[PDB]
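Note sheet for the following structure.
Using ideal geometry, Cβ is built from the backbone for each residue, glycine included, and neighbour counts are taken over all protein chains shown. Nothing in this text is a laboratory measurement; each read-out follows from the coordinates by a stated rule.
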RNA sequence: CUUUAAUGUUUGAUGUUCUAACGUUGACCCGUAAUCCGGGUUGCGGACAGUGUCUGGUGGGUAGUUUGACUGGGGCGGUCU
RNA sequence: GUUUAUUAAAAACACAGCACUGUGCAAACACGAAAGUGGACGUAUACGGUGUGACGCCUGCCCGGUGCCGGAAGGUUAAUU
RNA sequence: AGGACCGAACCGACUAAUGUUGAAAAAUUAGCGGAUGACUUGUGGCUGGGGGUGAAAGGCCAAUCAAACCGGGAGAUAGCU
């Protein structure tokens, strides 16, 4: 029947981008570990 | 906390000599009107010198409440003008802010503050009995007479 | 009046509505319409914390004057309307001084009648008085709790908190809660019943009337599992514990009161 | 917060050690009286966060030192 | 000594009461033609609810564990020196 | 109408009503370090939770135990003076 | 008017035939019920794992639910194979 992934990129952008997570401490440590690993897609919001 | 208590009246009062007291008497009841000096042990020997000079002057500042105890315990009409409705309704009333500051007890303030008042005062023009704070601990009657502005 | 349905289908068998020929069958005039919105029982956390409140129709909100206090300015009473946010009807009262309010209905609704205040002036229903100057046997509209706290008691349609003594320094009145209080005479209160006295002839007759009122359905505790609710039962329901809430409180017990600030005025309370 | 502005004390770690001697944590909490005072030099009311046995601390040190840390904190009153 | 009056004396308990601490998802002015916040005032409660420290009763509402071997497999049963 | 996405789809679940009870509104309740907010900015002809299940005729005995409320004259009684 | 109805479009799937190393996340074909509503439902948003949210099945929570996922603790421990 219906599958678990569906269209809307809107529900991604404010959960899982940059500027609103950098504003917090904890958001910066997700971003720190990801930059330090060497992953090229930093938020996948591109 | 201890202080050096400068009052002479009420439940505690030793006129400038140090006597250690509970902490609700110390500072918060007396210093909103500058009636104690701290037991800080930097100046306490000077304070016990200073009293010998100070007290006879300080005793006349402590003849302020005696007036109030004279002038309200033998009552007369405290005349207050307040804003009347067309049927004499005191919308505004006297309440706490006119009973504090214009009363003839000492012709001065007793700090307006919080009051217990288990029901109103003053609700139509004319005279009425009003039981209010002639002193911080002591609830007593004055008689009021209200006229229109 | 009341309109009861002829039982032309199941679920419409016991359905009853409140109607009055005078009711405005429009939508209210919107520049003066002051926006409800619901929180559907969700608090700051983004969690549901008052359980089973949630859903239904939008139900707009009017500011309402809940003391009805006014010196001597006449009111034309421009319409009496159904209010979606409480039991009682709410008037648009239009005063002749050019002031529009919304105001809670009293037993009064008279065209051109005046809301007076002060002792010698006030006597028609809806005209405010200090409680000293109102007679014994009076039903009273909207009681001031302490002077300046406003009319917090008897607000829902046709209810009252009736004066039953007046001896001493206080006035004694009984509440439809079973409570009986003393209240000081310096409080303001107002004449007549609360308006919309016919509300009580509602019978609802379908689960959907409470659904649009933002009241959600609620399961039996004994029909939930022991893990999902502290009472919950086994294989074939097995009712036979003592009944409980989902948080461990006794449903047929407790006096939970700890307000301890207005308690000098309650001279008898509801009791287990 | 729950800071006693006058001694610079705070809650601190400590285990129960119950009647069966169990090491469940409870942690100990200062009584932390949120207390008003008067200042003659400003002719205003100030609020200083005090604890139990905190009143004798304000007396013996002086209000003045405590009051200067409220100025240092940046807060309004 | 028991009951006990007069009453010297220290401390624990009590009632009634004030506002002066303390309370205010009461209201008003004000910062501020900011529903917050904070001081003030005013309505009302009040040295009490409160909270901490100390300690005892109640309490599966909640969470972590626990609930025999032997034994012609055994549950159960019966027994353990 | 709801239902274990794919064993029921109903004998379970819901509901008006019907019985029990909490709550006087800073409510009962809830979640959150706690501020706090939702309930509801409504408020007993209202709101939570509980048992029963529209409607006609009804529901006799009984709190013992189980959970839970509350009151008092007082013998003793931790902590404590 | 209607928590009414027969019924497409629109949505579901009580039962039956089939499928079961299917085309399939129970779909298909036929009987069948909601669709003038407690229906069907697009957009933007939110609560984070014995925690949520439940008209109740201990349901559902990223092709998944009587215990989601990952990164550390971690070479858990094993009285045992």
Q. Say a paramagnetic label sat at a point 7 Å from the Cα of residue C:238, along Cα to Cβ; which residues of the stretch C:214-231 have their backbone N under 17 Å from it?
A. C:221-231
Q.
Just to be sure I understand the model, the point goes 7 Å from the Cα along the line to the Cβ. What's the resulting residue C:216 to residue C:255 distance in nm?
A. 3.4
Q: Send over the per residue convex hull volume for chain C, Cα only, as a whole number of Å³.
A: 189
(Q) Mean-square fluctuation check for chain C, GNM, Cα pairs under 10 Å: which of C:119, C:249, C:76 is largest? (A) C:249
Q: Would you please report the Å³ per residue occupied by the convex hull of the alpha carbon atoms in the stretch B:1-127?
A: 126
(Q) Just to verify a number: FRET efficiency for residue C:43 and residue B:62, C-beta to C-beta distance, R0 = 45 Å, to 0.05? (A) 0.20
Q.
Averaged across B:79-87, how many Cβ atoms of other chains sit within 10 Å of each residue's Cβ atom?
A. 3
Q. How far apart, in nm, are the 7 Å Cα→Cβ label points at residue D:36 and residue C:23?
A. 5.1
Q | Volume of the Cα convex hull of chain D, divided per residue and given in Å³ | A | 101
Q) Can you pull the mean other chain C-beta count within 10 Å for peptide C:115-123? A) 4
Q: Please give the helix D:63-73 orientation as an angle from the longest Cα principal axis of chain D, in degrees from 0 to 90, rounded to the nearest 10.
A: 80
**Q.** Modelled label reach - residue C:14, point 7 Å along Cα→Cβ, the stretch C:186-223 residues with backbone N closer than 17 Å
**A.** C:200-211, C:217-218
Q) For chain C, what is the mean residue ellipticity at 222 nm derived from helices alone (per DSSP H run of n ≥ 4: -39500 (n - 2.57); sum divided by total residues; nearest 500 deg cm²/dmol)? A) -500 deg cm²/dmol
Q: Kindly put B:125, A:4 in sequence by how many other C-beta atoms sit within 10 Å of each C-beta, fewest to most.
A: A:4, B:125
(Q) Tell me the angle of helix A:25-37 to the major Cα principal axis of chain A, expressed in degrees between 0 and 90 and rounded to the nearest ten. (A) 90
Q) Given the options C:124, C:182, C:17, which has the most mean-square fluctuation in a GNM of chain C, springs set between C-alpha atoms less than 10 angstrom apart? A) C:17
Q) GNM on chain D, C-alpha springs below 10 Å: top fluctuator among D:57, D:12, D:66? A) D:12
Q: Set the Förster distance to 25 Å, then compute FRET efficiency between residue B:50 and residue B:135 from the Cβ-Cβ distance, nearest 0.05.
A: 0.40
**Q.** FRET efficiency for residue C:79 and residue C:228, using Cβ-Cβ distance with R0 set to 60 Å, rounded to 0.05
**A.** 0.75
Q: Give the angle, between 0 and 90 degrees and rounded to the nearest 10, that separates the Cα long axis of helix B:44-61 from the longest principal axis of the Cα atoms of chain B.
A: 30
Q) Over the alpha carbons of chain A, what is the largest minus smallest coordinate on each principal axis, giving the biggest first in Å? A) 40, 22, 16
Q: Take C:167, B:98 and order them by how many other Cβ atoms sit within 10 Å, fewest up front.
A: C:167, B:98
Q. For the protein assembly as shown, what number results from the quotient of the Cα radius of gyration and 2.2 N^0.38 Å?
A. 1.36
Q: Would you tell me the mean number of C-beta atoms belonging to other protein chains that fall within 10 Å of each C-beta in B:117-125, as a whole number?
A: 5
Q | Reciprocal of mean inverse Cα separation for the stretch C:1-149 (Kirkwood radius, Å) | A | 18.5
Q: Could you tell me what % of all Cα pairs in the stretch C:68-168 have separations over 23 Å?
A: 26
Q | Relative exposure of C:144, B:60, judged by other C-beta atoms within 10 Å (fewest first) | A | B:60, C:144
Q | Inter-label distance, nm, simple model (7 Å from Cα along the C-beta direction), residue B:43/residue C:271 | A | 5.9
